[PDB]
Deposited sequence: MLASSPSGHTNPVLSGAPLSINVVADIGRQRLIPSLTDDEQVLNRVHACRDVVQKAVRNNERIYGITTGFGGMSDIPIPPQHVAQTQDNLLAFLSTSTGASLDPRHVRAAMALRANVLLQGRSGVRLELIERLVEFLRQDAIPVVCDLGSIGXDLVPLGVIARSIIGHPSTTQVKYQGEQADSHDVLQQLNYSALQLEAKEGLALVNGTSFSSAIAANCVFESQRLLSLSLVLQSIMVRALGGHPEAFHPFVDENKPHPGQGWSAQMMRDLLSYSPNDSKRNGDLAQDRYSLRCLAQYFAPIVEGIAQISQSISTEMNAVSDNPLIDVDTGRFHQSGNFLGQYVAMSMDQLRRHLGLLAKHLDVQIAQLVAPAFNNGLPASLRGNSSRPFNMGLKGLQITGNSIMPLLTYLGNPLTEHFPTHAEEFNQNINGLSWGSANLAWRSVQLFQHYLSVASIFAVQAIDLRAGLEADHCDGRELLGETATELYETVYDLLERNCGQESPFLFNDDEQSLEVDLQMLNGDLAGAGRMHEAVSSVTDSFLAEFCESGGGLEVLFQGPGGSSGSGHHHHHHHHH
């Protein structure tokens, strides 16, 4: 189980904390906790001497021109959480909320935010007890409102939130009492330090990146299966070809295709070249999101080695917004390449001998094997391609009394990226059924006998998930049940992700 100490976290660990596959533990390192205490001491000394500092003794973003008298300082922080209670929309996936809580505790543990250690302890204990606040998906432009939901949940703020605990949704006060916590009154800068960052956007983005790495690996393995089913020529992946076009993505993709496996059409012959920018872009986005989520995004940065306060703009999530736009583009391009490959697989003009629509039985003249499934794929893929459009360009320049004239919209972009992830999971269920049926039909014409180890493992995982050519007569099964099973696996246990884990590990090691 990971230890939270302010040290950088990997996207893998963040996603596993979000997935409840890892239980975070608070650090016992003396240096980290001493730095946190010293930061709180700097805040205390600034309050005691009535030093003029933004947030502590002034108003907030657009109304920072209004001074706050000392006796109201603490109240100001509480009042912050009162006016940030404007969270609406559909409820977020609790994985995002768990990841955000872990990331925020890790950020606060670096000793630049001036929080009390007890707030970090409450965050970590809520995460360990699986008392996860319900957070809705509207309210941030890139994170006062979504993070304010978590802050109000963990301090027992009178602006009651909803917290899921022990499988039931309850009031934040009830969950607080069940955790033997009392209501907490915020000290100076604490309420601002809990919400003035990019942790929630970074958490959604980290989940998107983890899923996208796994989905890229699964897409590549399904592509290898489809290429084998089409009888594609491995000549497209000879080392000489990528040696003369040394894009790292192309080299890694060609090496993967070599491991997994007059001229073919481009979707087969130019596969590594098509993959190269997607692979490299996903790697770049992974690195940038990992850098952002491990940064201290609080605005008043406290340096305890000098005892100074620094104005900051580290709460701006422009990088997360642009990275999520790019990630949506990558998912759309992967989906479109898979759709082109499937269109090749279903059409006898391009089948190279496969039955039309990959029908399993020729004896029933009215069998239409995977025609409706192809229509489902054709309905899903353009949604991903459409989500390839960028949201960052539409950012409001009038936001928050014209004070936040650049924001970024990393929150909306990350939620769109998660929508893309869900759509691509459904699409990959469709593509998995297409790949398995196509390879079975190809084996019959000449399934596991045609496939390498990783592709065989994925094929067997798909066969076992569906409890089983794959499809023989149209009336012998319901493809809806199979699609639900594969999608639930991709969203849940991830046996298909385990089946292609060698490719994912290769991508992580290379990039």
Tell me, which runs of residues in the deposited sequence have no coordinates at all? 1-10, 153, 273-285, 471-475, 498-503, 547-576
